[PDB]
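Colleague: Need a 3D model of the following:
(3 chains, ligands or ions: 3)
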Amino acid sequence: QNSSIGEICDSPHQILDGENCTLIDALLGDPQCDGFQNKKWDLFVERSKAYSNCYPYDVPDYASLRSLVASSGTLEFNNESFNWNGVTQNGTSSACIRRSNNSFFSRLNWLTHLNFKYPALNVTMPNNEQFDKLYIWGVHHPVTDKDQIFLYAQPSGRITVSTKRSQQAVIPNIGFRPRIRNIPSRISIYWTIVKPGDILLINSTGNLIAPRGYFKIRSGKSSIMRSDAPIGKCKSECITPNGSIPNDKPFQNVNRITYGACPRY
Amino acid sequence: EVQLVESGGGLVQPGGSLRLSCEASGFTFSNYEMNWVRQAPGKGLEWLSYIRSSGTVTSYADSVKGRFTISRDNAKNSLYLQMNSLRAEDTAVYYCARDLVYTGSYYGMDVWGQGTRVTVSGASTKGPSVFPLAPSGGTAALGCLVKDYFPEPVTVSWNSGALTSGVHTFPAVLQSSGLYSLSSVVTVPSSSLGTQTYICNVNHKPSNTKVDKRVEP
Amino acid sequence: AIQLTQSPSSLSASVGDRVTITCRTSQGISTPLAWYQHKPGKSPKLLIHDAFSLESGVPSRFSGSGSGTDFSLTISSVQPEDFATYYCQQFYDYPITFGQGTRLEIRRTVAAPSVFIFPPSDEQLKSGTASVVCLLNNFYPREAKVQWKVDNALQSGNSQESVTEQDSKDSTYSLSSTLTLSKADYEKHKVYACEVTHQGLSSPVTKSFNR
Ligand SMILES: *[C@@H]1O[C@H](CO)[C@@H](O[C@@H]2O[C@H](CO)[C@@H](O[C@@H]3O[C@H](CO)[C@@H](O)[C@H](O)[C@@H]3O)[C@H](O)[C@H]2NC(C)=O)[C@H](O)[C@H]1NC(C)=O
Ligand SMILES: *[C@@H]1O[C@H](CO)[C@@H](O[C@@H]2O[C@H](CO)[C@@H](O)[C@H](O)[C@H]2NC(C)=O)[C@H](O)[C@H]1NC(C)=O
Ligand SMILES: *[C@@H]1O[C@H](CO)[C@@H](O)[C@H](O)[C@H]1NC(C)=O
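Modeller: Residues are numbered from 1 along each chain as shown, chains lettered A, B, ... in the order given. Ligands and ions are numbered 1, 2, ... in the order given. Pasting the structure now:
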C-alpha cells in the first residue's frame, strides 16, 4: 500500500479530535478544553494548532504522562473530598480566564494561606477501589520572595507526595521567568499512580497545587497520534497520521506510526 | 527608527578583560529587559546573560557565569557586559537584544544589536595587503585580493558604494600562516573598462587599515 | 536546563513550496517557542511577529505551532530570499536555550558557471608571492570541482577556496579558488590553467593564461 485517502475515518474506531487542545491541557482542565471532561477514545488526535491558554506550566516527564492517559483512553475524573483545613482553596488567576472571570485548571486546587497561617498539610487517601488511580498535582514557583510570602506565609515551602511504594519530594524554585499572560511565575506538574490497597499521602508545607480527585486507568488498548489530517465520515480499520488506509495489501510505506489492524512495514 | 548600537569589541589576549556597550535609542530603555547573545564561528546562537529593566535582577549562562558581568545604566540608555578571564572559546560575535512584551505575554527578542566581534588569541593584528585582479568574453570580471590579515573581519565596497550590482565578496580562508585572505570580485560590462574607474574600498578595523586600491586593466 | 533538538539540520526546498521545521524539548512546556531568521552578515530577526505586526496588520507568512514537546515552524510559501539558518528558542525558563539551527537552502533550476582566471598583480610579485585566483560566478547547485594545472601538471595542496552564501535574488552561488606559490616557483612556469567541473557544463571548461 502506498496511497492514503487523506482523511481519518471516524469508524469503526472511536476518534476524539483534540482541535485547539493537547491531551495534557484536557487532562489538567484548561478552560478552552472543558468540553473534553470525562471523554473516551480509541485514538485521540492531537493537532499542530493546539496551544495552551491557561497558567504557564511544565511537566518534567511529559512524554510518559501523555502515554499513560493516552492508553487509558478515558479522561474520566472522580472528585474526592480532601480535608484542606486551614487553607484557602480555589485559587484563581487572571492568566486562566473561564467565562469572563479569573479561574484556574478545573482539576487542580491552588491552596493559599488562611489568616496569614498555612500549616503543614497532611492528607491520606486510601484508594479502596479495584483499579489504578492517577492523581495529578503541581508545585507553584513564585516569582519573588515577596510573592512566596504573600501567597503562603512560608519562605521555604516543601511538598512530599508519598505512597507505600513511591515517594516524590519537590522544592519550589523562586525566580523571575518570561511573562506568560502577564505571569512571571510557573508551575511544575507531577503525577502519582496509587494502586488498589495502597494509600496516597501528601505532606505539603507550602506552594502545593492540590489535586481534586483521580482519573481511572483503563486497559491500554487506546493510544494517541499526532496528525493534522481531517476527521472524515468513512470506515477504515487502519489509521496513519497521513490518513486512514486500507488493510488489504500485506505491506505499506506511508508511515511507520499506525493504529489498529495495519499492513506490516 | 529603533536602534541598538554596539561597541567595545576587538582583539584581546587570553585571560585579559574587555567591556561591551549596547547604546539604545528610539525606544524607552527603562522598560525593556536586555540580553547578551553570541554565536561562535561555526556555531549557533548562545544566550549569555540578561538584566531586568529595574536592574539588580540578573542571571547568567553556565558557560560564562563567574567571569562575565551584565549591568545597566538607564540614564545613558546603554547596556554593559564586563568580560573577564577570557578564553579561546569566548571568541564570537556578541549581540544585544531587548525582550518584546506586548500586552502581558513575552514574544521573543525583536530588536537586535548590529554585532560586535571579540577575538581571544595570542596573536597580534596585521593589516591586509590589497592587490588588484585586473581583467584580461563579452563580459569582463575584476576584483581585489585582500591577502594576509588578522583578525576578522574586513569590509569591501566598490566605488564607495556606487557599484553594488554584480559584487561577490567571498568568505575568508585561514591559510597555513595563521592569517586570513579573501577576494572580492565584480562583473561589469566589458565595453566600459576605459570609461569607468573601479576602486575597491577595503577596511580593516582591528589594524586601523583602510585602503582604496584602483583596479586598472 | 531546558534543551532543544532541531530537525533537520540542512533543508533544501524548491521555490513556492511549504516547509516545516521541528524542535523538540527535553521537558514538556505549555509556552510556545520563538523562532528566528539568521541571514548571512545580518543580525537575526524575530520571525513570528516581525516588524510591528502586533500593533499594525496581523497578516504574516511565518507560522509557529506546537504545544508540549513537539513544536513547529511553518513557511506558507517558500521564496528565493528565504535563505537563512533558522533557530528556535524556548522562553519558559532561564537559561534561554536555542537549537542547532536549520539552514534552509532555496533551490533553483540548474545554472552554468562563468569562469574567469586572474594573473598575479605586479605589486604582489615584488613582495615574493604569487596568487592566481579563479572565479566561478553565479552557478547552481553548489557542487563544483576546481582543478589547478601548472604547465599541464596537476596541483594539489597549494590551493584554497571559499563559496559565497546563496544569493537572495537569483538563488545562485559563487566560488573563488586561489593558487599560492612563491615568486621563484611562479616564474619557473608559463602555463597555468583552471579546469572547472560542473553539472550545467556538458564538458569541463578550462580558462588559462600565459607568462
Ligand atoms: C481555535 O483557535 C483558532 C485560532 O485562535 C480560533 O479562530 C479564531 O476564532 C476567533 C473567534 O473567537 C476569531 O476572532 C474573531 O475576530 C473577529 C474580527 O475582529 C471578531 O469580529 C469576532 O467576533 C471574533 O472575535 C479569530 O479571528 C479566529 N482566528 C483564526 C486564525 O481563525 C478558533 O475559533 C478556535 N476554535 C476552533 C474550534 O477552531
Ligand atoms: C493532620 O494533622 C492535623 C494537625 O496537624 C490533624 O488535626 C489534628 O489532629 C489531631 C489528631 O487527631 C487532633 O488531636 C487535633 O484536635 C486536630 N486538630 C488540630 C487543630 O490539631 C489531622 O487530624 C491530621 N490528619 C489526619 C488524617 O488525622
Ligand atoms: C471550591 O470549588 C469547588 C469546585 O469548584 C466547590 O465545590 C467548592 O464549594 C469551592 N469552595 C470551597 C471552599 O471548597
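
Colleague: drop to CA atoms for contacts and neighbour counts, all remaining ones
Modeller: Will do.

Colleague: would residue A:50 count as being in a helix?
Modeller: No - with DSSP: H, G, I helix; E, B strand; the rest coil as the criterion, residue A:50 is coil rather than part of a helix.

Colleague: what are the phi and psi angles of it?
Modeller: Note on residue A:50: its backbone torsions stand at phi -70, psi 140 [degrees, to the nearest 10].

Colleague: Excluding covalently adjacent residues, which one is nearest to it?
Modeller: Once flanking residues are discounted, residue A:50 sits nearest to residue A:20: 4.1 Å by C-alpha to C-alpha, 6 or more residues apart in numbering or on different chains.

Colleague: With residue B:117 instead?
Modeller: Counting by C-alpha to C-alpha, 6+ apart, residue B:117 lies nearest to residue B:93, which is 4.4 Å off, once chain neighbours are set aside.

Colleague: Nearest to chain C: which residue in chain A?
Modeller: Going by C-alpha to the nearest C-alpha, chain C is nearest to residue A:58 of chain A, at 4.3 Å.

Colleague: domains for the chain, by residue range?
Modeller: Unless you meant another one, I'm taking chain A. Annotated domains of chain A cover A:1-13+A:230-265, A:14-229 [curated CATH domains].

Colleague: Switch to chain B, please.
Modeller: Per curated CATH domains, the structural domains of chain B span B:3-120, B:129-215.

Colleague: Who are the contact partners of the residue nearest to residue B:117?
Modeller: Residue B:93 makes contact with B:38, B:39, B:40, B:115, B:116, B:117, B:118, according to C-alpha atoms under 8 Å, 6 or more residues apart in numbering or on different chains.

Colleague: Go again with 6 Å.
Modeller: Counting by C-alpha atoms under 6 Å, 6 or more residues apart in numbering or on different chains, residue B:93 touches B:38, B:39, B:115, B:116, B:117.

Colleague: what's the closest of the residues you listed to ligand 2?
Modeller: Set against ligand 2, the nearest of the contacts of residue B:93 by C-alpha to the nearest ligand atom is residue B:38 (52.9 Å).

Colleague: Skipping adjacent residues, who's closest to that closest one in space?
Modeller: Leaving aside its chain neighbours, residue B:38 sits nearest to residue B:94 (4.3 Å; criterion: C-alpha to C-alpha, 6+ apart).

Colleague: where's the one you found relative to residue A:25, distance?
Modeller: Per C-alpha to C-alpha, to the nearest Å, residue B:94 is found 39 Å from residue A:25.

Colleague: now swap in residue B:142 and tell me
Modeller: Distance of residue B:142 to residue A:25, given as C-alpha to C-alpha: 62 Å.

Colleague: Same question for residue C:140.
Modeller: Separation of residue C:140 from residue A:25 (C-alpha to C-alpha) stands at 48 Å.

Colleague: sorry, back to before: verify the contact between the residue nearest to residue B:38 and residue B:35 for me.
Modeller: No - under the criterion of C-alpha atoms under 6 Å, residue B:94 makes no contact with residue B:35, lying 10.3 Å away.

Colleague: Name the residues of stretch B:128-146 that are buried.
Modeller: B:128-135, B:140-146 (16 or more other C-alpha atoms under 10 Å in any protein chain shown).

Colleague: for stretch A:143-152, same thing?
Modeller: Buried residues in stretch A:143-152, counted by 16+ other C-alpha under 10 Å: A:143, A:147, A:148, A:149, A:151, A:152.

Colleague: Mind checking if that stretch is in reach of chain B?
Modeller: No - Stretch A:143-152 lies out of reach of chain B by C-alpha under 6 Å from any C-alpha of the partner chain, never closer than 10.8 Å.

Colleague: is that stretch anywhere near chain C?
Modeller: No - judged by C-alpha under 6 Å from any C-alpha, stretch A:143-152 and chain C are separated, with a smallest distance of 11.8 Å.

Colleague: how far out from the middle of the chain is that stretch?
Modeller: A distance of 26 Å separates the centroid of the chain from that of stretch A:143-152, by C-alpha atoms, centre = their mean, to the nearest Å.

Colleague: Relative to the helix or strand residue B:132 falls within, what are the paired strands and their orientations?
Modeller: According to DSSP states H and E, residue B:132 maps onto strand B:129-133. Using DSSP bridges, the strands paired with strand B:129-133 in its sheet are strand B:139-149 (antiparallel).

Colleague: next helix or strand past the partner strand?
Modeller: Downstream of strand B:139-149, the first helix or strand assigned by DSSP H and E is strand B:155-158.

Colleague: now check that following strand, is it near chain C?
Modeller: No - applying C-alpha under 6 Å from any C-alpha, one finds strand B:155-158 separated from chain C by no less than 10.9 Å.

Colleague: Between which two of the buried residues of stretch B:128-146 is the distance greatest?
Modeller: Maximum pairwise distance in the buried residues of stretch B:128-146, criterion C-alpha to C-alpha, is 25.5 Å, between B:128 and B:140.

Colleague: By proximity to chain A, which residue of chain C wins?
Modeller: Closest point on chain C to chain A, by C-alpha to the nearest C-alpha, is residue C:29, at 4.3 Å.

Colleague: Next, count neighbours for that residue.
Modeller: Residues contacting residue C:29 under the criterion other C-alpha atoms under 10 Å in any protein chain shown number 25.

Colleague: just the residues of chain B that are near chain C, which are they?
Modeller: Within chain B, the residues that sit near chain C (C-alpha under 6 Å from any C-alpha) are B:44, B:47, B:61, B:108, B:110, B:133, B:170.

Colleague: Output the set of residues of the stretch 101-250 of chain A in proximity to chain C.
Modeller: By C-alpha under 6 Å from any C-alpha, the part of the stretch 101-250 of chain A that sits against chain C consists of residue A:177.

Colleague: Could you pull out the strands in the stretch 101-250 of chain A for me?
Modeller: A:101-103, A:108-110, A:121-125, A:133-141, A:159-162, A:167-170, A:186-194, A:200-204, A:208-211, A:213-216, A:223-226, A:231-235, A:238-240, A:243-245 (DSSP state E, counting those that start in this stretch).

Colleague: Against the centre of chain C, work out the most remote residue.
Modeller: residue C:188 (37.3 Å; C-alpha atoms, centre = their mean).

Colleague: do you know how far the nearest residue to residue A:136 once chain neighbours are set aside is from residue C:37?
Modeller: With sequence-adjacent residues excluded and distances taken as C-alpha to C-alpha, 6+ apart, residue A:136 is closest to residue A:191, at 4.6 Å. Distance, residue A:191 to residue C:37, by C-alpha to C-alpha: 38 Å.

Colleague: These two: which has the busier surroundings?
Modeller: Taking neighbours as other C-alpha under 10 Å, residue A:191 and residue C:37 compare with residue C:37 leading, 23 against 16.

Colleague: Residues in a beta bridge with that one, which ones?
Modeller: Going by DSSP bridges, residue C:37 forms beta bridges with residue C:45.

Colleague: Return the set of buried residues in stretch B:42-50.
Modeller: So stretch B:42-50, judged by 16+ other C-alpha under 10 Å, has buried residues B:44, B:45, B:46, B:47, B:48, B:49, B:50.

Colleague: of all those residues, which comes closest to ligand 2?
Modeller: residue B:50 (43.3 Å).

Colleague: Dig out what that closest one forms beta bridges with.
Modeller: Beta-bridge partners of residue B:50, counted by DSSP bridges, are residue B:35, residue B:59.

Colleague: Okay, domains of chain C per the record?
Modeller: Domain ranges of chain C: C:4-107, C:114-210, per curated CATH domains.

Colleague: Most tightly packed of the ones you listed?
Modeller: Counting by mean count of other C-alpha atoms under 10 Å in any protein chain shown, domain C:4-107 has the highest mean neighbour count of the domains of chain C, with a mean of 19.

Colleague: Between the two ends of that one, how far is it?
Modeller: Start-to-end span of domain C:4-107 (C-alpha to C-alpha) is 27 Å.
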